[PDB]
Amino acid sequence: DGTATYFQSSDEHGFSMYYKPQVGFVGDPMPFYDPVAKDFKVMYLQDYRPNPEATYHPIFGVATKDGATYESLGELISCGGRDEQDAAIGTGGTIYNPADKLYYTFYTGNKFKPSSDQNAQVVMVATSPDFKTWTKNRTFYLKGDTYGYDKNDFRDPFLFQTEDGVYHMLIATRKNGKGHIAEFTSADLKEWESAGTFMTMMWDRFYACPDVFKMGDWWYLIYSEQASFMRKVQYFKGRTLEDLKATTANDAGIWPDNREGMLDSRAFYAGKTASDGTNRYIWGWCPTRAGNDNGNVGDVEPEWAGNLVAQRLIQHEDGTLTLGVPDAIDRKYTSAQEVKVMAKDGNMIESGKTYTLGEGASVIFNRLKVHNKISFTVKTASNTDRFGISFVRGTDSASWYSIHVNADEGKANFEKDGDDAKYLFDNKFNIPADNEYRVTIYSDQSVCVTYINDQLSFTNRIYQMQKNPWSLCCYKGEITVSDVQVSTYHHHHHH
């Protein structure tokens, strides 16, 4: 704690709040509020590095009351045989049927090397009375082309029941080349009728992992954009279901806010929600990086799967959504640590427990631990200033990794700083009029989420942020840093 040199830390210690199974990684999650157990069941596609040919992504599960503590459920729905329709499983959705007291999980069966007459993707279902033993329904095969949709893109079923008792299933597919979310209705979850297109997908986009829900006086669609330049979780909103569906009708592009509904950036994907009646949370995954290299974020798309991340939905008075930390996660960080300056550079002053940094100045703080909570307040002199939050920055580090907050650009960027500096990706968010940024960062080994002013929610993979110093800097203008605090998970030091 008295040195600030770079240390080659690892993820082997283990994750807690941003869950990873002992073997493999967390792919698309399928969260569900279990109304009998009164907790969340998060099914997810289990990823291995490498996966088998043909038979991959079985559905595993974890249980959580709150998004911070997880109990593994192991393998719940296994892959089919190499030649079967669900040789590989894709994402779906779970729902409880009070009439027969069965949990139903609809999923995507991906056929290995389909023939011209076969369907690459078909929706299938499994049921369970207790969420431990699941029985595949060997007679249920929902094919898109039966209803005018696509034979090979027909996936990610989302199930919900409306107040009138009707069950709805939304499926991401195509019709005449264009992306369509198709709707099916049922009284009993067994016999399904097509209700046509729920919503079309903007332009040539494709909305994976759709999720529709009502929260307060607004209806929402949350989705994950497949297009390579986006790869982010986004949403639309409407006061009525018809208003929601109209946001994309005829490519209207009625964005819900001033940032095209982009909730997070490229290190949080496949996000879907569930509510316990008090809060609605969103679960997605944070990708791994090839070679554990924080600056290798994929040439086209990032690696698929990684760690499970939960965030809380914040509904604003105008109906827009931002994401915040789940309250139970904010409580895993218990012992406040001492914050000490280990190095200063450039044009800056230390004034007690505040710091003023001019253009080009940096301050480096003492080493973080393994699971961290970092909080501070930044006041900039102008609404065009720029400052940085840097990790893995040892006094001897040639390069490091930073969240750049660019007020003149209306966004935060994740970048590599120092030698071989390079921009990686960004995250638009509302800039405060009073130039005050209340920052909180929650980390679990290599996974962290940065929150600012209940407006920015920025997940990042930062290998080796643990057990290494962190830093604040000013790139443009002048900033004053206040109320710096750091709290930790491990804290069991008898003194």
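One rule holds for the numbers: they count along the sequence shown, beginning at 1.
Undergrad: Taking the recorded C-alpha temperature factors, which stretch has the higher mean, 328-336 or 183-191?
TA: Mean CA B-factor is higher for 328-336.
Undergrad: Per the record, averaged over C-alpha atoms, which has the higher B-factor: 66-74 or 445-453?
TA: Taking the mean C-alpha B-factor of 445-453 and of 66-74, the larger value falls to 66-74.
Undergrad: Looking at the C-alpha B-factor values in the deposited entry, which of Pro210, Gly253, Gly277, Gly298 comes out highest?
TA: It is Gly277.
Undergrad: Out of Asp257, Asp204, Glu84, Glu350, which residue has the highest Cα temperature factor in the PDB record?
TA: If I rank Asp257, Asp204, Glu84, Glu350 by C-alpha B-factor, first place goes to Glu350.
Undergrad: Using only modelled residues of the chain, where does the Cα B factor of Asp434 rank: lowest third, middle third or highest third?
TA: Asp434: CA B-factor falls in the highest third of its chain.
Undergrad: With respect to C-alpha B-factor, does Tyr475 fall in the lowest, middle or highest third of the chain as deposited?
TA: For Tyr475, whose C-alpha B-factor we compare with every modelled residue in the chain, the answer is the middle third.
Undergrad: Among all modelled residues of this chain, ranked by Cα B factor, put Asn51 in the bottom, middle or top third, i.e. lowest, middle or highest.
TA: Its C-alpha B-factor belongs to the highest third of this chain's values.
Undergrad: If you rank every modelled residue in this chain by C-alpha B factor, which third holds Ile59: lowest, middle or highest?
TA: For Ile59, whose C-alpha B-factor we compare with every modelled residue in the chain, the answer is the middle third.
Undergrad: Report the third (lowest, middle or highest) to which the CA temperature factor of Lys344 belongs, ranking only the modelled residues of the same chain.
TA: According to the entry, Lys344 has a C-alpha B-factor in the chain's highest third.
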